[PDB]
Amino acid sequence: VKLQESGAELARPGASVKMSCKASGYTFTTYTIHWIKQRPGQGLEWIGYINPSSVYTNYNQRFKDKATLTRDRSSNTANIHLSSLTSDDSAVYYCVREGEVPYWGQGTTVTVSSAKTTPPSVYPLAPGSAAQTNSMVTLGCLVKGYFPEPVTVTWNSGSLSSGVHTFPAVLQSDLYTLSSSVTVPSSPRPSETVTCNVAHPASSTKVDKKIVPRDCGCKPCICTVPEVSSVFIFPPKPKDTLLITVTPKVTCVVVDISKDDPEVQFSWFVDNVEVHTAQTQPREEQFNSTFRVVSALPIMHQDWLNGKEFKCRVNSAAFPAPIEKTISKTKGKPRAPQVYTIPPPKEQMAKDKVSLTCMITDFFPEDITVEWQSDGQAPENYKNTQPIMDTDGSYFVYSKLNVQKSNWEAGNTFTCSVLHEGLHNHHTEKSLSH
Amino acid sequence: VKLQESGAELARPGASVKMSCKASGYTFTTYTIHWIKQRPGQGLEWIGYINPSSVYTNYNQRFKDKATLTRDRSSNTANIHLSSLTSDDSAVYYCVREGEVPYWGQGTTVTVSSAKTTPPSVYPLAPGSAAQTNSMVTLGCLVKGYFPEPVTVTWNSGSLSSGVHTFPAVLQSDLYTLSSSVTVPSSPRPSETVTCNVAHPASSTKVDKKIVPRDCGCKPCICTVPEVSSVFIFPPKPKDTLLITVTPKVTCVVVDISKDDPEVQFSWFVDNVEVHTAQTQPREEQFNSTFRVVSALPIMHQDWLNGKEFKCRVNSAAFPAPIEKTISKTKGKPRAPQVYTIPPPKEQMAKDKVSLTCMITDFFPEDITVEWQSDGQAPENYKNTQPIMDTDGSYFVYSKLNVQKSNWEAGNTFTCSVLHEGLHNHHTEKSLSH
Amino acid sequence: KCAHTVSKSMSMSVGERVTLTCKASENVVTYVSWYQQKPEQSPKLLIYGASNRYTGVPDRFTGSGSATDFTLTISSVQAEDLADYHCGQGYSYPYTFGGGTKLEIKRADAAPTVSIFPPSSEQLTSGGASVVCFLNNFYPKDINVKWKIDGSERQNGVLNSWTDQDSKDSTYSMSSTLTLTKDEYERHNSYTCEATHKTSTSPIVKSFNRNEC
Amino acid sequence: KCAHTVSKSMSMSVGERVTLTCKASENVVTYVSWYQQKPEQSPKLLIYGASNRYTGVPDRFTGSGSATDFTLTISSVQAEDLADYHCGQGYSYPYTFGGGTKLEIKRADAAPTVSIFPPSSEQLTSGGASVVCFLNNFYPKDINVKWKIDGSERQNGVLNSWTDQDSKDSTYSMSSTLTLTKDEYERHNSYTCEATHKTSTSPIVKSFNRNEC
Ligand SMILES: *[C@@H]1O[C@H](CO[C@H]2O[C@@H](C)[C@@H](O)[C@@H](O)[C@@H]2O)[C@@H](O[C@H]2O[C@H](CO)[C@@H](O[C@@H]3O[C@H](CO[C@H]4O[C@H](CO)[C@@H](O)[C@H](O)[C@@H]4O[C@@H]4O[C@H](CO)[C@@H](O[C@@H]5O[C@H](CO)[C@H](O)[C@H](O)[C@H]5O)[C@H](O)[C@H]4NC(C)=O)[C@@H](O)[C@H](O[C@H]4O[C@H](CO)[C@@H](O)[C@H](O)[C@@H]4O[C@@H]4O[C@H](CO)[C@@H](O)[C@H](O)[C@H]4NC(C)=O)[C@@H]3O)[C@H](O)[C@H]2NC(C)=O)[C@H](O)[C@H]1NC(C)=O
Ligand SMILES: *[C@@H]1O[C@H](CO[C@H]2O[C@@H](C)[C@@H](O)[C@@H](O)[C@@H]2O)[C@@H](O[C@H]2O[C@H](CO)[C@@H](O[C@@H]3O[C@H](CO[C@H]4O[C@H](CO)[C@@H](O)[C@H](O)[C@@H]4O[C@@H]4O[C@H](CO)[C@@H](O[C@@H]5O[C@H](CO)[C@H](O)[C@H](O)[C@H]5O)[C@H](O)[C@H]4NC(C)=O)[C@@H](O)[C@H](O[C@H]4O[C@H](CO)[C@@H](O)[C@H](O)[C@@H]4O[C@@H]4O[C@H](CO)[C@@H](O)[C@H](O)[C@H]4NC(C)=O)[C@@H]3O)[C@H](O)[C@H]2NC(C)=O)[C@H](O)[C@H]1NC(C)=O
């Protein structure tokens, strides 16, 4: 028992278009059928009107001889041929049928407009952080500058539909724009994401905007004083913290020192405790134009290894504040490098020299050291790349050894030793031989 | 017509002390005078009692032969000599005069305690911000850990006294503590300050604590900066200067910009010539405390490749001189990387994933770029080490590709492409396959 | 040839007996037909002729009239009664419908729930800044939005879209964006989106001070 | 040698005729003397002997008694009547005063005015955290403080100091601090200082997040 209308969208002022309110659910040919319209927040305005056969065809004022109402009883359809379109014809057009005008269709909305079809822009609305209280972080999405209407805003691909509030679009100087809100629980947002799925039908612009939040953390006070000096604390070499007979010294040196800054007086803190360095003060070295005071304090292996801080408090006359900086460790749960060996490739076998790389991988942290060993002792040439974080979050390093064909082919055996904490007794090593 | 008592504060349990209820306002010598006490929230306990002359001297139980009541009629004064002080003697001691015990004095409070005179600590109580409504921001001050009593809390040096509520001190394990509140209008607080003035008489600790509101979060970094900015010109990415469809942009950006330095007006020089950038001026970005104006001017490949300079002249109001800096090339005679391929090692062949490295060596300069290609197109995971200068003066880089055994053994073929100027047509590539 | 509907809108609570008439310019001897047009959907023939309820229509609904007047009494409102209503002159072409009335339902006061949002990082880079301010779920629609650029000032460039009376919720949830210059925004810090409804005798505010978030 | 004062405390409103007696162990033939001891100050000889008001004493005050009993009627209370009162046996040493009564004045109910304060930034750095909670101006003193570490729990380490019946205000204004571990406090967030007086049948709460600046 139904009739629905077809095609009729945007049209240039004056031009024409034809809509066809299609029916079904009974005998068409025995019925009178009108067309009516309604403009923005307006009343109902009756327009054309044909009849069963096609005899009478009563139209009216605002569309006389400029809009034509056909019919095709045979294959159930009514029509309207909007011709001279005055901008004031913009509306949605229904299609009923007499008896007393009982069954109105859906409606198609024409828009008599000179404007150009302009695709919008999505602007995700994330809250200004604050505190996520009351368990309800309402979100929103902004669609601005689209012409004409309408647009379909759906949340998380229509999955979400608890409490959303899409907003009636508003015309603003030939440009439409509106927004939509979405009341959700606090917890799911940070975690399980929310997207703004929208499409401008008349443009075909399907878009999904993931509402990412900001970082209200106040970490903006990074500066650099050009007047007084600035100290830098450097970690001990991994080999020192590994080889037991070697004593791991931690340094901390100042830079911008003139012909006034006294001995500076260095003082360290191994976990809010203070201690006697080792008179570590080779100090002042007439550099580029300023000096440089060193403080190479040795410390127990196990201390760094267990993970202890290292403050380097210092006090001078010019200093506005007795500055200091720690240097604890690289954190986390230590991973041992798989460490492998790859002899010179096939392609490179006629060259004068060759390259055997030592491939250490997926370890943690970068605190590691590498050496090779031709014959049976410390060699040269070997160079080590710098620890770079691979896919999973691990690291890996290559160590290339250079030698001649005579040396290689003479099966002199070369060895790659790797020192990393996660290693068995803080060490491992593999060997290559022809 | 009055009598007031003197000295008698804290005393070790057992030891002694003498208080002297002093009089005036009449003839002393013709009067009988007692002493009475009252302990914490207790009743009145009569004690000694002398007489006019000094004849009768009726004492009582709790103080017989252990407290002595003297007199000195001549120079108007009564006395008490507390000797064996049992902790249960701690109280305030009055001093009346018979007729029927009409004129009691002020009272001195003894405290028989083994405790040590401990000075307190002031802790200002600022409200947890919130909204200052109802026009009455009540404040408070906390005095904790003081022995013995008492203490004098005064607000804004006794000036304020509208509605304050000082709180009865309470003993808590040999430690006293209490607080005081102060009802004031909202407006004056933020503005006209309020201090907490207090003193522990028996210690002489006069202290004034300012009642600042709860120190909030995001504080303006606003690091201070001197005489204008400094610009830095950065070279284009090697891949841009190599891939022909990509256009090699050379940048140059300023840093120390305040809320005054205008648009700066950037202008480039390609060999003492000047040219029109590409309105390359995304400019000013509110950074740490200062802005940052960018100037990403594109340029022909062959220009850089041939070796042309790049001045970045700029002029502002604050600028003492229209500064500019070029960025020509790396010079030297270009060496092409030998570029090889090494599939996953023997040792690592049972693992979940594997590593095929691309070994590019002895080239020049570091201006080079690398990509892999599983199947036959752009892949993921591959990471590139940073160019490091080998023995002879050349360079070399490793590029690791990560994949699974199924992928590898399935002979899907992977390819490593390398782009370096010294290459045939600025490019080369090798491939690995199982 | 011309017919007008009484009370452009009517706010009634359930069970309330609501009536609205339609006055016509001439005599139209009982040839009017009231149509019910619920939001976002096609009208429906409610009653025809004088009264005579069309099939599929509740006994509560009732028509009346003769020549220049035509009532439509509804003893008791409902959720099924939220919509626009307008008489349709059917005597003689051209046919002309009433102006239409909007029956808004009452449900006792309910304050808003504001939430101010600062312009996205993507918009700010293209010039421009849209400070949005959603004041959801509230009744009635009688409320005034007042923005404050920094200290205390409205300005122009405010877009205030409401929404229709929700069906189950029965509340308006108007938004109020505010567009302006990129750096004009950067010249200011604290953006206040004040709002004054009836519910709270005091104003409902919410804002922020332009910081890295 | 022993004398006891009737009603340890008495709550009367102005104009009320209040009386309190003092019973003695033996016969003390009219040798008692009532002393008035207003807060924070030395006692004052009110009446002596049987009655006979001491000079500088109001006609309202009145003594009576003989041997084992001794009254002290006061037709009409006042501001000048807030204090403790206790008879003093003066027949024969050792002299012994009553237990003392506390005349609290009535003024009709008045709810408290709570205000919770979070431990200062200075105390927290020395270890320890004192959450204070002032419940000022209220009548009567019949109230129960209940703290909540985060969710819902009292705990111990609470210090509840009252204050004496104000003279003009006539209200108690008890405070209630709460000391604890520095990080224990850091392990929790929302601190609730609930309070249940008579006035409001419902409880009076006030609290905070801890994430407030
Ligand atoms: C005039 O004075 C000086 C000196 O004159 C010369 O200066 C050199 C640089 C040339 O210019 C030369 O021409 C001049 O003649 C001059 O330079 C100095 O001032 C700048 C000011 O910025 C200062 O800058 C810092 O540089 C750091 C790098 O410096 C190290 O590394 C380089 C390169 O490898 C090396 O050349 C340096 O010598 C230095 O390396 C030291 O060297 C000592 C010996 O000299 C080694 O000693 C060993 O120590 C170990 C134990 O540690 C054992 O005891 C061994 O036995 C012993 O031999 C050290 O091992 C070795 N250290 C290392 C690590 O190799 C640079 O790191 C630093 O950057 C930090 O700060 C910035 C902010 O400014 C941050 O953004 C950075 O991120 C970084 O901070 C850290 O960052 C990490 C993350 O990356 C975080 O995790 C950390 O938390 C964070 N903080 C900390 C504390 O780590 C900064 O750039 C130079 O270092 C100075 N020069 C020297 C030689 O030190 C002045 O400019 C000039 N005056 C003026 C006005 O211009
Ligand atoms: C507040 O303002 C700023 C901004 O706030 C942030 O700053 C950062 C640094 C953090 O502190 C953060 O917390 C703050 O919020 C702040 O910092 C700035 O001031 C300092 C002042 O010294 C300035 O210092 C310089 O830093 C140079 C390094 O900067 C580059 O590299 C770092 C690390 O990789 C990177 O983080 C930076 O972003 C920057 O990298 C740029 O980034 C842009 C995009 O941001 C890329 O864009 C690409 O460009 C290419 C084309 O080039 C294509 O178009 C791409 O498509 C496009 O995307 C660039 O590619 C990328 N460049 C590079 C190279 O990767 C450092 O180089 C510089 O050192 C020179 O000067 C010293 C003397 O001072 C010399 O001694 C050095 O040697 C060097 O000079 C050159 O040296 C070589 C030899 O080594 C010579 O051969 C050359 O001749 C010689 N001259 C020249 C001209 O080359 C210097 O240290 C920071 O750079 C500023 N921050 C930024 C982001 O730029 C302020 O400190 C703060 N204010 C105050 C008062 O504190």
# chains A, B, ... in the order shown; residues from 1 in each chain; ligands from 1
>>> select_by_dssp(residues="range 118-169 of chain D", states="strand (DSSP E)", output="count of residues only")
15
>>> residues_near_ligand(ligand="ligand 1", cutoff="7 Å", atoms="only C-alpha atoms and all ligand atoms", output="compact mmCIF listing (two decimals) with C-alpha atoms, in the first residue's frame")
# COMPACT_ATOMS: atom_id res chain seq x y z
CA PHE A 232 76.52 16.83 31.31
CA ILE A 233 76.64 13.48 33.08
CA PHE A 234 77.81 10.55 30.96
CA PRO A 235 77.31 6.78 31.69
CA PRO A 236 80.25 4.36 32.15
CA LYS A 237 81.41 2.15 29.30
CA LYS A 249 83.75 5.35 36.36
CA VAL A 250 80.79 7.67 35.78
CA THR A 251 81.59 11.13 34.47
CA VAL A 255 81.47 23.45 29.83
CA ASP A 256 80.88 27.25 29.81
CA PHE A 287 89.42 25.02 25.38
CA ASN A 288 87.94 26.97 22.41
CA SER A 289 87.61 30.07 24.60
CA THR A 290 86.32 28.51 27.84
CA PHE A 291 87.57 25.76 30.22
CA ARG A 292 86.19 22.32 31.19
CA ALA A 296 85.38 10.92 36.78
CA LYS A 325 71.88 15.44 37.10
CA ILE A 327 72.28 8.85 35.20
>>> interface_residues(of="chain D", to="chain A", cutoff="10 Å", atoms="only C-alpha atoms", output="PyMOL selection string")
chain D and resi 209+211-212
>>> interface_residues(of="chain B", to="chain A", cutoff="8 Å", atoms="only C-alpha atoms", output="PyMOL selection string")
chain B and resi 217-223+288+340-342+345+347-348+381+383+385-386+388+390-391+398
>>> residues_around(residues="range 41-44 of chain C", least_positions_apart="2", cutoff="8 Å", atoms="only C-alpha atoms", output="tab-separated table (two decimals) with N, CA, C and O atoms, in the first residue's frame")
chain	number	residue	atom	x	y	z
A	94	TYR	N	6.42	15.95	-2.09
A	94	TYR	CA	5.68	14.72	-1.82
A	94	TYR	C	4.89	14.30	-3.03
A	94	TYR	O	5.05	14.84	-4.12
A	102	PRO	N	-4.80	10.72	1.16
A	102	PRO	CA	-4.36	9.80	2.22
A	102	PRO	C	-2.93	9.24	2.24
A	102	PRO	O	-2.31	9.16	3.30
A	103	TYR	N	-2.42	8.80	1.10
A	103	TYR	CA	-1.08	8.20	1.09
A	103	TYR	C	0.05	8.98	0.47
A	103	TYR	O	0.36	8.84	-0.70
A	104	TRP	N	0.74	9.74	1.30
A	104	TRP	CA	1.86	10.54	0.85
A	104	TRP	C	3.14	9.72	0.77
A	104	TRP	O	3.36	8.85	1.60
A	105	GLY	N	4.00	10.04	-0.19
A	105	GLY	CA	5.23	9.31	-0.33
A	105	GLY	C	6.29	9.79	0.64
A	105	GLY	O	5.98	10.47	1.62
A	106	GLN	N	7.55	9.43	0.36
A	106	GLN	CA	8.69	9.83	1.19
A	106	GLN	C	9.06	11.29	0.98
A	106	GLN	O	8.99	12.09	1.91
A	107	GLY	N	9.43	11.62	-0.25
A	107	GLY	CA	9.80	12.98	-0.59
A	107	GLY	C	11.23	13.12	-1.09
A	107	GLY	O	12.13	12.45	-0.59
C	35	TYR	N	-3.77	16.40	9.06
C	35	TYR	CA	-2.73	15.45	8.77
C	35	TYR	C	-1.72	15.53	9.87
C	35	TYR	O	-1.45	16.61	10.39
C	36	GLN	N	-1.23	14.37	10.29
C	36	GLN	CA	-0.22	14.28	11.34
C	36	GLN	C	1.14	14.07	10.68
C	36	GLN	O	1.34	13.13	9.90
C	37	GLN	N	2.05	15.00	10.94
C	37	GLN	CA	3.37	14.86	10.36
C	37	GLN	C	4.44	14.79	11.42
C	37	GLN	O	4.94	15.82	11.89
C	38	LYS	N	4.78	13.56	11.78
C	38	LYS	CA	5.81	13.30	12.76
C	38	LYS	C	7.13	13.66	12.11
C	38	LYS	O	7.28	13.54	10.89
C	39	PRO	N	8.10	14.11	12.91
C	39	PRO	CA	9.43	14.50	12.44
C	39	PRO	C	10.07	13.47	11.53
C	39	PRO	O	9.75	12.27	11.60
C	46	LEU	N	-4.98	12.00	9.21
C	46	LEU	CA	-5.51	11.70	10.53
C	46	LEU	C	-7.03	11.57	10.45
C	46	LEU	O	-7.55	10.45	10.53
>>> residues_around(residues="residue 11 in chain A", least_positions_apart="6", cutoff="8 Å", atoms="only C-alpha atoms", output="PDB file with C-alpha atoms, in the first residue's frame")
ATOM      1  CA  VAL A  17      14.579  18.384 -13.658  1.00  0.00           C
ATOM      2  CA  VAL A 110      15.387  19.830  -4.541  1.00  0.00           C
ATOM      3  CA  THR A 111      17.601  22.746  -3.902  1.00  0.00           C
ATOM      4  CA  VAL A 112      17.476  25.574  -6.404  1.00  0.00           C
ATOM      5  CA  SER A 113      20.989  26.881  -5.883  1.00  0.00           C
ATOM      6  CA  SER A 114      23.713  28.652  -7.830  1.00  0.00           C
TER       7      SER A 114
END
>>> decode(residues="range 3-32 of chain C", atoms="C-alpha atoms", output="compact mmCIF listing (two decimals), in the first residue's frame")
# COMPACT_ATOMS: atom_id res chain seq x y z
CA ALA C 3 -7.01 28.37 6.10
CA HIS C 4 -5.07 29.14 9.34
CA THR C 5 -4.15 26.79 12.23
CA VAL C 6 -4.40 28.02 15.84
CA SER C 7 -1.36 28.15 18.15
CA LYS C 8 1.80 27.87 16.05
CA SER C 9 3.05 25.38 18.68
CA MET C 10 1.70 23.85 21.88
CA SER C 11 3.62 22.45 24.84
CA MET C 12 1.51 19.86 26.70
CA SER C 13 2.30 17.01 29.12
CA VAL C 14 0.78 13.51 28.82
CA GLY C 15 -2.88 13.15 29.74
CA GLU C 16 -3.43 16.83 29.04
CA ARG C 17 -6.49 17.57 26.93
CA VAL C 18 -5.08 19.60 24.04
CA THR C 19 -7.13 21.25 21.34
CA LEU C 20 -6.28 23.33 18.30
CA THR C 21 -8.57 24.82 15.71
CA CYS C 22 -8.30 25.88 12.10
CA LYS C 23 -10.07 29.04 10.85
CA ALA C 24 -10.82 29.31 7.12
CA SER C 25 -11.35 32.43 5.00
CA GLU C 26 -14.71 31.33 3.55
CA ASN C 27 -17.31 28.61 4.09
CA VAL C 28 -15.81 25.21 3.32
CA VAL C 29 -18.69 23.02 4.47
CA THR C 30 -16.79 20.33 6.42
CA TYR C 31 -14.11 19.62 3.75
CA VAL C 32 -11.00 19.76 5.87
